[PDB]
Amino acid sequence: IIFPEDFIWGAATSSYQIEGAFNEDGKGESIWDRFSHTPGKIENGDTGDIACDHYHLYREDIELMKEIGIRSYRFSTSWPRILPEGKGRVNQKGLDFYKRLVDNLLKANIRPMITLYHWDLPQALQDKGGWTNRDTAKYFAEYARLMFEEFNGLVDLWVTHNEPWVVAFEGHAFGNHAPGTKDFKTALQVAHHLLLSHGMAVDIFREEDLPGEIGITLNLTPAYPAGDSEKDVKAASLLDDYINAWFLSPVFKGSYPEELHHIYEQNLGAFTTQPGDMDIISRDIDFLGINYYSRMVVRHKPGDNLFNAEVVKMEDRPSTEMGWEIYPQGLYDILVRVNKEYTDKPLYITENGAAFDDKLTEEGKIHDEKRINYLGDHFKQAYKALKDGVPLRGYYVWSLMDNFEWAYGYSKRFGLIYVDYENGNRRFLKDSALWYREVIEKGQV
């Protein structure tokens, strides 16, 4: 179990989850500022107002990155911190923060990967319809161009979008995430525009002629039927397409998955598209980022979804604090499936990790054995994928540090680093952090 010498071992975060400084130095309001300040939306009424205060503490966080020995740091940039209204004026202090951050990363020999959109849409753009407005895709493209030009020669790994499935469906169908809408047709229109905006950014990446590589990051959850019933098998297949193929087929094949597209259209009516959209959505990219956490086991059951599909709770199997099944085999399955059915391009696991009930000792120790076991077990499946020909180039752990976990607030801890919010926001390396350092150095698990 030795990994390639040049394998990119990293850790990942996102802007709203760690930065804080929510209305400081010219920053505009995001849909997540608004959502978290709306009653009943976040566990315990938590907000990302301060979070980990990374906006002020970034220099200390980079020292901690150095202690862990990560080769690359994946982070997202806040669109409303840079263009407060989404379009219009640039906020120079906002841009300046990311410039300092990138400079500091490069001086520590840490390779930056930027995610352009990790869910924090400017509220001014939401007031004009947000992702159901085709113009939002244009403004995203303009924001991308601004960042490409600013970091030309400085950042060589770029991700347009993080988890467009979640943005579309949790944000607009089920209303669990900002902006809180609950309309399945809206979600489908939003998915289309996220994909369009991705392709528009790729076109701009090519034109600007930056050194480096661009991709998109998709959450992928492989589905398994509960039993050999073909109704079970069909239901699993449909749920699987609903999360996975719905984004993988347009990016790589230039079409929505046919059976699912037909079912949506017949029952809901068509969402609005223009001729040529699929050509834009399917522009050639340099890599695919995969975010993996768990699988779903699926059976056929009466439900208020078009699939009559139920996700089965696997009560008999180890799970995390999220209640998610621990199923490392799924990581192998999904990497192999992508490489066979969709693309021969390089792959990166841009997220994988776990929440456990972390206990900070009086001396600042966190003995997170369960996270070490979780990470090592998934590392081994990644190795197995490499052994079998999958061009896996790197692996970023979610997350570098504990943070604002959206609707769960601070109650869920995914970090390699413990953040003691109550006591000056001090950081403590968990045992998994020093265990990870050993993995990176030896290239072995």
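The first residue of the sequence shown is number 1, and the count goes up from there.
- Compared with other entries of the same protein, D316 falls in the group left without coordinates by at least a third of them, where both flanks are modelled.
- The stretch 149-157 shows the higher mean C-alpha B-factor when 284-292 is compared against 149-157 in the entry.
- The deposited model assigns a higher average Cα B-factor to 419-427 than to the other stretch when 419-427 and 17-25 are compared.
- Based on the entry's C-alpha B-factors, the most elevated value among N91, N308, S78, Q123 belongs to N308.
- You'll see in the entry that, of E85, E207, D135, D96, the Cα B factor peaks at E207.
- Compared with the other modelled residues of the chain, the Cα B-factor recorded for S229 ranks in the highest third.
- In this PDB entry, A385 carries a Cα temperature factor that places it within the highest third of its chain's modelled residues.
- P346 sits in the highest third of its chain by CA B factor, as recorded in the PDB entry.
- The entry lists a Cα temperature factor for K253 that places it in the highest third of the chain's modelled residues.
- Sort the modelled residues of the chain by CA B factor and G364 lands in the highest third.
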